[PDB]
Number of protein chains: 4
Amino acid sequence: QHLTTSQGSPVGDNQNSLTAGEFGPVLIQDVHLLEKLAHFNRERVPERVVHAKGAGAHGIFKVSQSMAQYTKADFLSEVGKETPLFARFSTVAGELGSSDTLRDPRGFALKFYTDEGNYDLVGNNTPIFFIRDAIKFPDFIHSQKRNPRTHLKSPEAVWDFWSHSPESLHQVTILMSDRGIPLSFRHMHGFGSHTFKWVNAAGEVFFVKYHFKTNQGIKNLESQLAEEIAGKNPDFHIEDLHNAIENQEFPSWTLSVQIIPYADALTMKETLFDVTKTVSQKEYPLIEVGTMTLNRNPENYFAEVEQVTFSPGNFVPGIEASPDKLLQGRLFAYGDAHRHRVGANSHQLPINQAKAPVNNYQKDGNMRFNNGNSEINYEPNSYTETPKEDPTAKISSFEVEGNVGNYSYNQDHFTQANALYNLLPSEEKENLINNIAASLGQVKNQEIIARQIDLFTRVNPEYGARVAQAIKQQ
Amino acid sequence: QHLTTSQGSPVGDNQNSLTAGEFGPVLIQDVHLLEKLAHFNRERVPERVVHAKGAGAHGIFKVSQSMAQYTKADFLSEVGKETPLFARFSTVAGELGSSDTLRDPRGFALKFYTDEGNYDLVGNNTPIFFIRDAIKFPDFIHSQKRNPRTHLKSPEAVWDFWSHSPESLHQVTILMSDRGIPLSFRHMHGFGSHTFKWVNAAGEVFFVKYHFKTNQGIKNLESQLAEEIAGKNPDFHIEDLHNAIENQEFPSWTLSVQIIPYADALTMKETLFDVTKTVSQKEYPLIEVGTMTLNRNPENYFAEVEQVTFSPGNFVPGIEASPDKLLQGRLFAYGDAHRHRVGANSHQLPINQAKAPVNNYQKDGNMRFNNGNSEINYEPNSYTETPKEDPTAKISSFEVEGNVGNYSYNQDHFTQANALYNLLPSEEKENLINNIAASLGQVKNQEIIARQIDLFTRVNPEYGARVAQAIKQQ
Amino acid sequence: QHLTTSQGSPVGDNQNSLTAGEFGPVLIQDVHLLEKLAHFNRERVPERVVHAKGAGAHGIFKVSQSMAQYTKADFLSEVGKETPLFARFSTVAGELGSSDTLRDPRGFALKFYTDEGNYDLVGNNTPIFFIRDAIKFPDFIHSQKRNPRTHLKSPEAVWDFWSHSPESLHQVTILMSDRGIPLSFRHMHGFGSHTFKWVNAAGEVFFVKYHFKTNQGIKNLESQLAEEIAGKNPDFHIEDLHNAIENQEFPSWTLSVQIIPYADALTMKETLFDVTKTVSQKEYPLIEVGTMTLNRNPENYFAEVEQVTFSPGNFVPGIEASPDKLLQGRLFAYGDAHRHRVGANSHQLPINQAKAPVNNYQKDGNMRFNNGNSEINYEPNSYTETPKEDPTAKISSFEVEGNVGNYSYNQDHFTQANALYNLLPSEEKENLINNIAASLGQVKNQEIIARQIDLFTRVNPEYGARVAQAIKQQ
Amino acid sequence: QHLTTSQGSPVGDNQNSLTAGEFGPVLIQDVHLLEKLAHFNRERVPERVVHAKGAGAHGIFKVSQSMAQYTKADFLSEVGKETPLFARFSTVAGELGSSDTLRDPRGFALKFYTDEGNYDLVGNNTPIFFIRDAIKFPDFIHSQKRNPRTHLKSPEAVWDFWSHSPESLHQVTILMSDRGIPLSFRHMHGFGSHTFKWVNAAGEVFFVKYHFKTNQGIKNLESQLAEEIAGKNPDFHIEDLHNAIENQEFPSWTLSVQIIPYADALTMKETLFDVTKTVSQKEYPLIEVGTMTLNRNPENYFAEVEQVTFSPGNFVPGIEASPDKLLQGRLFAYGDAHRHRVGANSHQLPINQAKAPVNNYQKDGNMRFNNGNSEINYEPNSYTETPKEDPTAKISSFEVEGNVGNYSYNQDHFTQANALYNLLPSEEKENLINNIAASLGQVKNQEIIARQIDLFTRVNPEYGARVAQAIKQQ
Ligand code: HEM
Ligand code: HEM
Ligand code: HEM
Ligand SMILES: [Cl-]
Ligand SMILES: [Cl-]
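Residues numbered from 1 in each chain as written, not as in the entry; some residues may be left out. Chains lettered and ligands numbered in written order. Heavy atoms only, no water.

In terms of determination method and resolution, the entry is listed under X-ray crystallography at 2.30 Å.

Turning next to the overall build of chain A. Along the backbone of chain A there are 14 helices and twelve strands. Relative to the globule expectation of 23 Å for 474 residues, the C-alpha radius of gyration of chain A, 25 Å, shows essentially globular dimensions. Referenced to the eigenvectors of the C-alpha coordinate spread, the extents of chain A come out at roughly 80 × 65 × 50 Å. Pairs at least 24 residues apart make up 73% of the contacts formed inside chain A by residues separated by at least 6 positions. When the accessible surface of chain A is split by element, carbon and sulfur atoms take 48% of a total near 15800 Å². (Helix = DSSP H or I, 4+ residues; strand = E, 2+ residues; numbered from the N terminus. Rg over C-alpha atoms; globule rule 2.2 N^0.38 Å. Contact = heavy atoms within 4.5 Å. Areas by Shrake-Rupley, 256 points an atom, 1.4 Å probe, with all protein chains shown as cover.)

Moving on, we come to the interface of chain A and chain C. At the interface, 94 residues of chain A touch 94 residues of chain C. Taken together, both faces of the contact between chain A and chain C bury some 8200 Å²; the carbon and sulfur share is 53%. It is A:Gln7, A:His39 and A:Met367 that lose the most area in chain A upon contact with chain C, and together they represent 11% of the buried surface on that side. At the surface where chain A touches chain C, the tally comes to zero salt bridges. Summed over the shared surface of chain A and chain C, the result is 34 residue pairs in polar contact. (Buried area = accessible area lost by both parts, 1.4 Å probe. Salt bridge = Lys/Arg side-chain N within 4 Å of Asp/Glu carboxyl O. Polar contact = N/O pair within 3.5 Å; in protein donor to acceptor, adjacent residues only side chain to side chain.)

Attention shifts here to the UniProt feature "active site" (unreviewed entry) in chain A. Residue and element names in this part refer to chain A. The sites that carry the UniProt feature "active site" (unreviewed entry) are, in the present numbering, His 51 and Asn 124. Of the residues just listed, which span 74 residues, no C-alpha pair is farther apart than 10.6 Å, and they cluster in one region. Take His 51: it is sitting in the loop between α1 (31-41) and β2 (54-63). In this view, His 51 contacts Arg 88, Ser 90, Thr 91, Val 92, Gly 107 and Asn 124; residues no more than four positions away in its chain are not counted. Note on placement: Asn 124 falls in strand β5 (residues 117-124). (UniProt positions renumbered as here; feature names shortened; annotations may be inferred.)

Let us look at the interface of chain D and chain B. At the junction of the two partners, chain D supplies 93 residues and chain B supplies 94 residues. Seen at the junction of chain D and chain B, the total is zero salt bridges. Applying the counting criterion to the chain D and chain B interface returns 35 residue pairs in polar contact. Elements with a contribution of two residues or more to the side of chain D that touches chain B: β1 (18-20), α1 (31-41), β5 (117-124), α9 (301-306) and α10 (325-341) of chain D. Here the residues of the side of chain D that touches chain B sort into 37 nonpolar, 36 polar and 20 charged. (Nonpolar A, V, L, I, M, F, W, Y, C, P; charged D, E, K, R; others polar.)

Between chain D and chain B, which share one sequence, the superposing operator has a rotation angle of 180 degrees and an axial displacement of 0.1 Å; the RMSD is 0.1 Å. Seen this way, the second copy is the image of the first under a two-fold rotation axis. Within chain D, the C-alpha atom positioned nearest to the axis of rotation is that of D:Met367, 3.5 Å from it. (Least-squares fit on C-alpha atoms.)

We now examine the site of ligand 1. In the vicinity of ligand 1 there are 25 residues, among which A:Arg48, A:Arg88, A:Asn124, A:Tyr334 and A:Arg341 approach most closely. Close to ligand 1, residues of chains A and B are found. A distance of 2.7 Å separates an oxygen atom of ligand 1 from a polar side-chain atom of A:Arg88. In this structure, A:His338 approaches ligand 1 through a side-chain N or O atom, which is 3.5 Å from an oxygen atom. For the shell around ligand 1, the secondary-structure elements that each account for two or more residues are β4 (107-114), β5 and α10 (325-341) of chain A. Sort the elements by how many residues they give to the shell around ligand 1 and α10(A) lands first, with seven residues. (Near = heavy atom within 4 Å.)

Surveying the vicinity of ligand 3 reveals 24 residues, the closest of which are C:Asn41, D:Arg48, D:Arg88, D:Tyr334 and D:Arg341. Close to ligand 3, residues of chains C and D are found. At 2.8 Å, a side-chain N or O of D:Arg48 approaches an oxygen atom of ligand 3. Within the side chain of D:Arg88, one N or O atom sits 2.7 Å away from an oxygen atom of ligand 3. If you list the elements that add at least two residues to the shell around ligand 3, you get β4 (107-114), β5 and α10 of chain D.

The next point concerns the coordination of the iron atom of ligand 3. Geometry reference: four tetrahedral donors at a metal, ideal angle 109.5 degrees. Six octahedral donors, ideal angles 90 or 180 degrees. Of all protein atoms, D:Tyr334 (OH) alone acts as a donor to the iron atom of ligand 3, lying 1.9 Å away. Within the element layout of this structure, D:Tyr334 appears in helix α10. (Donors = N, O, S within 2.8 Å, 3.2 Å for Na, K, Ca; no water.)

The next subject is the UniProt feature "binding site: heme b 1" (unreviewed entry) in chain A. The residues that UniProt annotates with the feature "binding site: heme b 1" (unreviewed entry) are A:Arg48, A:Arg88, A:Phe137, A:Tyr334 and A:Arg341. In the annotated group above, the largest cavity draws its lining from A:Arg341. As for its placement among the helices and strands, A:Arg48 is situated in the loop between α1 and β2. On the basis of relative accessible area, A:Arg48 is assigned to the buried category, the value being 9%. Beyond its immediate chain neighbours, meaning those up to four positions away, A:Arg48 contacts A:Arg88, A:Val305, A:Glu306, A:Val308, A:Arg341 and B:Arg44. Within the secondary structure, A:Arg88 is located in strand β3 (residues 82-90). Here A:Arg88 falls in the buried class, since its relative accessible area comes to 3%. Here the side chain of A:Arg88 touches A:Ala52 through a polar contact of 3.0 Å, landing on its backbone oxygen. (1 Å grid on protein atoms, 1.4 Å probe; cavity = no way out; pocket = protein on both sides within 12 Å on 5 of 7 lines; lining within 4 Å. Buried < 20%, exposed > 50% of the residue type's maximum accessible area, 1.4 Å probe, protein only.)

Let us now look at the side chain of C:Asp139. Relative to the elements of secondary structure, C:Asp139 occurs in helix α2 (residues 137-144). Beyond its immediate sequence surroundings of up to four residues, C:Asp139 is in contact with B:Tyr361, B:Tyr378, B:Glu379, C:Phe161, D:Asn14 and D:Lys36.

Our next topic: the packing of aromatic side chains. Inspection of the entire model under this criterion finds 112 aromatic pairs over all chains. Ring geometry for B:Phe112 versus B:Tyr119: centroids 5.7 Å apart, planes at 25 degrees, classification stacked. The buried category is assigned to B:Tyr119, whose relative accessible area is 1%. Ring centres 6.3 Å apart and planes at 65 degrees place the aromatic pair D:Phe61 and D:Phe75 in the edge-to-face group. Of this pair, D:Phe61 sits in strand β2 (residues 54-63) while D:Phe75 sits in the loop between β2 and β3 (82-90), placing them 14 residues apart in sequence. As far as burial versus exposure is concerned, D:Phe61 and D:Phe75 are alike and both buried. Lying over the aromatic face of B:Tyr409, B:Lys325 brings its terminal NZ or CZ to 4.7 Å of the ring centre. (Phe/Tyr/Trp six-rings, centres within 6.5 Å; stacked < 30°, edge-to-face > 60°. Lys NZ or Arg CZ within 6 Å of the ring centre and 35° of its normal.)

Looking now at the sheet that holds strand β12 (residues 398-399) of chain B. Across the sheet, which stays open at both edges, the three strands sit in the order β12(B)-β13(C)-β1(D) with antiparallel pairing between neighbours. Since the sheet does not close on itself, it has two edges, and those belong to β12 of chain B together with β1 of chain D, each with one partner. (Pairing = 2+ DSSP bridges.)

If you trace the backbone, A:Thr4 turns up in the segment before β1 (18-20). Residue classification places A:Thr4 among the buried residues on the basis of a relative accessible area of 4%. Not counting residues up to four positions away in its chain, the partners in contact with A:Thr4 are A:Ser9, A:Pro10, A:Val11, C:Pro357, C:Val358, C:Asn359 and C:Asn360.

In structure tokens form, the structure reads like this:
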């Protein structure tokens, strides 16, 4: 109840600075003034390079069907098994102050505090992505963000990049459909997007795809309304998630996976490891795993939502990486991003702490809250008591072939986009076309528009024709 | 024309990562992939704690009337004297991605590259401020920003704070008037707000107020339209400034000052050093100094607009600080903020470099681009050639009186706000009332609303009555 | 007992990196390799700008005589009152890897975890200092450290600076005496050096000087042996402190103060506020306060000794600052240094946490371990429950006189140094002279040596004569 | 000649702080005091995690024999071709203030500013290393540095680690020989240690080993003298290099390589890619390449020596990495270390700038000195003028075999160490034994000593016997 400094000393006057006489100059000995101002000056930290605008909530995951036959992952071992989790939803391009209701993919990050480590499933509200190789991420993101000279958004850059990257057609179609702007985070799906690996106790391998289906149903915002809400309420989605949980209308998602046995995978490498493609659900139907429920709002947004650190590379025994090139790059990127954005010791912050015990030889670093007791910080050592490797946790070995080199991917950039285009109801197709026209129509370089239109035409003649037609009407 | 790494080595493939066989894992030896991703991961820096959303432009200042009789400031010594300058305009509360057209004071920061050092005039588009003591800045800003728990804006906090800080009434009235949302940065005035000190060659002292009057005229956005534009174009003001300069419609401002001699100032301390008050232009009319013109857009936004560092404490001989408590705190705050946000050596970045020679004993620090030749980094020393103090630049001494202590200011919070309220034309008064009602009306704590309404009533009975009525009608 | 990653996931192989085939390239998907290497890469933090090489220990302070008649400081209110504390001893110029047994003042930093906040007494093993104005600290330290060009120590710089700063004579004499190199941290005294202020419950003011006298007695190392030990064992003092405590030979110090009533200061401002001078002990004898005992070694050196943050400005009710210009500058310097070296939230690290409750409106910042529950982060506010100022803690007001300006101190640089020179026994005087000769004798600029010798001659004719002669014999 | 602030404004008084009256408190408006102190507070940056204590110098490399037949490396294309370079020599374990003359490997880092990028050869004064897998580096270094609890060096940890890592025997033997402490940096050799790859214009591949032989000859310090010098002059090696260059006694090294054709290498993978082993000089004799000469001291130590960034991964066309596991980890480690220690934009500091043009899409980041002109920061793009990949620079592809997994290396840890032991003259062998005895003899755990002695015995019965015998005599 008494105001204090950061060292617990009481503050006598929090309204007036120490001054040399009523109208005299302010004194340097007003240490609290200095401290208060200095800490205020250091409140801002760098925002996430992408997915800066987000909302979070605590929850739980409950297994409905054991997956022990496919993975030794502890949190999925028994029916009814509960695991605490934390989720963060977000947009992609917008900065800290941007509006929620913009057209953009939505982040669907999940951190499961399992008994064998924190497992992160860092997905999106889309099963695919715009690119397939991590080396192109900075290029994609740069084209999606601000003009380095004017600081204004550049549709010219957005489309110039996509017109030279046909592999983005599938995701561009999803981005421009109605689902490009969800009604709320509670009304969108979640996907791991990448094909991941599951390994059971016997060492049997399976390639899987995660699908988090919203139990609230898919609902979107028409483009016009979304723009209106972007002005009337830029935190529309954040507020919605918070109010829903405070009103005890806990949103939930049913998680099911597509399971592809190793043997099967050997025939579909070009599809399975290309994140710009989906795996037919007729060939490999969804198998229910459990339910995710968000039931508790953060205590403090900055401490939990802003400081939380997710990484696709945060695996737990039983779940491993696949040769998906985009995923491969992400395995490095996130841990690296965390160290710059939060710090070498970000894992020590409450929201990032593991439920399972952490026993390392890792030491020091900035703001190290806990370095331990031990005099032994190296391994191998002659002290039986200290942490040792667990051979049991080695990843499953797989065969490597050919030469080390720079290989290109498949060129089947049109088939799946066309399939999606054909599945869209007439009313959504008109929106798809108008959304593209409104964006692509802002481009000045006629050569970029033509290249892009030829691309859409290759997906479906009507697709390209309709797009070209909508632009002419402006 | 050849893509290279940061060390100038050519890049062979910028589309595909090095992989162990066509469908094999990505290799750690792809150093460029690592570098490209790692540098991308470090692109974000902390945004300014306040005034994060801004736009900048290069320009010049030209003296129309020498001020040598009042100040020995070199850049104001001769008629026609030109000085290069850089300006940054901004809002206050919004983060990097926020919209331009929001109700908020606007920053009017100017950096003059004079022959005797970089002189910064860090003003606002208002002659006054909400508080008078720097110790309250973090409190004011916290109330103006996001709820620490929900991350949503809180009118409850905004008004709770103002209802307990009657000294804010004057500026709140300005904030809520039409000028609260300018049509563009080119259509608002600029002010130093604080009373500053001018000293001539003879050592004569004058207290002054800076007034930058827009030569394009004052123009504002009605609240409704502003909200609409906030959605349709969040970078409306940034784009406007850039287009105007690219179209050669160089915006300009006429600078004039109010000059109060030492002898006069002796009787007006309570008004002169209170930033919530203005000085009558009838008693002390504006005296023209020169013209500021913005005629060149930035080469790169991040390098120039984001990294530029301004400080009210960046004085040049002839211009000094006054005992204004708010100003006094700012003398510390900015340099401190720069060191955290940009770095100890931010002055070495092109946009922050002084035109005038920099000769110090300051050394090292992170990313030190230039440490010099000298073996002598201490003073006093026996080397005549090294930089020495210039007694000529000592500030003018002034008398100090009474006891060191925590003094409060005057309680005259209503008179000037009432004067302003009485000068507003009927149509703007209606807007003033509706703007307040829309905001204060969102508060839940009836005790806060009542306290605030009693405050407005004390400014003018009609003022408070109209506000109360407006709220009741919702 | 199982080795894990920072997220608690088990490590399968801590001896071999993931590789594409026995002799194939290392894979980027070995996330643990990446993490382990990356955290290792961030273990180093910037060392303290001064006093980088140190040792620490936990202990207690026990009051033997209540000081309630002179100060309302809670930790000194009752006889027998115990207060937990942490101490850090160090040299001044040496970097992290430098040897302990070098000639240099020794730091004597103490952090008392009192019930009204952490009180820091940041003193040295000397009652005085080399300079009297904080504006000269960077200059003094630069001259004391490495040549910016060669990175070698420079006696030319050391003496050039002292030869132009006669106020350093007193401390130079102490530095060059036998006490310039203590046998161990347990065999040196501690002093607050500066005159501080004590205020009792009635508001009565007293100026005080802190004296921590070693209960183990003063013992020093002859110059030759110290140099030998600097090679044979660079951590001689650190090891000594640790072994002594592990062997239960707890070192202790008896703290007593010199108490000067406010009114008495009227004739001593020139002495009392000039840190290059001491106050006569005959006029103002030592008054015992209590005993400090170090009885527990750190759990981890980096976490406690390296990360601890001390500040002379960390006062508690009853103890305040004096107008000593050097002290005044330190009031700013330390908190500022902490924010750069450790971080904005360094107060949250265990070693820096207050025992007394910390209730602020300060929020966020890098690595914020605790932001709290409250939605209210601004004051004044309408929530009675939130932290409020305690008028009772306001500092005692004192009168200010004259003009704001740049004033110079006293010119009596010789009297006290001469008194000390006359008190030294013949054998220590020979050492004093030889120590100076060995150092000053390395200077090349004959003008610097002459200026310095004239200075010593002014302290005492014999002093200067002996120094000049000792140098001649080289 | 006039002292100024960082913004070029003149300083009036650099000896006295602004004060409210002669004996009044210091004023916060003394912005220069604040700035001077604040910048001084930020002078320290984190030291290198290893090799913190070093010295540097500028020089040149002149080709004596063209290597065009083996590598297309531009700087080695013609006889007489000169390339500017910068070198940094250092120890390994010691911190910034440690002494030069300690037993430890010496760093031999070289940065060649070639016309096709900065090529870094980051070697040591030994052809081998203690470990063969990067995953063990943090463990090795931790054992070599300070006890986490006491902060004292721990021979118990040093030997515990080596006793469990027999692959270190070869390098330990070199470390303990006379060459463990060079007389000066000018009297030691330099090696790349790892086997690197050379590829010529026709695409032919060769595996190479770099050997920089000192033209001043090998000279060492006996252990006793080294310890003496460690106390008398901790910067003995730094001073030596500087004086030599200032006296125009430019030290030089003759570089020659061992060249192993791809076909030959196919049979020696276990030796070639194991850094604890050397390639026979009879089978593959040294082939002279050119001469390295150091002829210019740094302008400023901090700016050049402290801030320079080297990386084994900084290759230039014609030189590539080999599957050496230790090297592989280093390819990641250095760039990562630079980003933490110096910053994302360290490549922009003068000492790190490339001579060859740098054309990227990399942008922003902290302290970005140059972001350029371009509006185009993404690739692919439709602007012919912007930087594009150079397929010509792709690395040579090589075959990968088997399974992805955690493979262990060769177990031949004794043969080469024995060969070296047999080549040492009697007098050096006695030193080798005594050096080991003095160190290993300090270990308490008899089980560690026994394990280690059995290891030496396995190298050579006499080796182990002599070591065991030397210890017994203590
Ligand atoms: C080359 C490909 C990718 C790269 C290099 C990349 C990089 C990054 C980076 C640097 C961050 C910021 C992390 C932090 O600062 O904590 C991030 C966040 C995020 N990314 Fe990715 N990403 C890629 C692919 C993807 C994909 C395909 C998805 C989903 C399928 C995805 C979903 C997300 C999400 C949800 C976040 C926000 C996490 C949070 O809430 O903290 N990313 N990414
Ligand atoms: C106690 C009072 C105030 C405090 C403590 C304070 C503090 C700050 C801080 C810390 C910044 C960020 C600086 C940076 O990161 O470079 C800033 C920026 C700014 N402030 Fe203030 N401020 C106060 C009063 C005012 C007033 C009265 C005005 C104008 C009359 C003003 C105008 C501005 C402007 C224009 C900027 C943006 C400068 C830019 O474009 O970089 N401030 N302030
Ligand atoms: C796993 C093996 C190794 C790792 C992880 C490693 C890591 C590092 C790191 C992090 C640095 C500091 C870089 C900086 O802060 O700029 C460094 C510096 C250095 N290392 Fe290594 N290193 C390894 C092997 C080696 C080897 C085998 C040699 C020589 C054969 C070597 C020679 C050096 C040198 C000379 C420096 C100092 C460079 C300078 O002067 O700035 N290292 N190393
Ligand atoms: Cl980093
Ligand atoms: Cl800082």
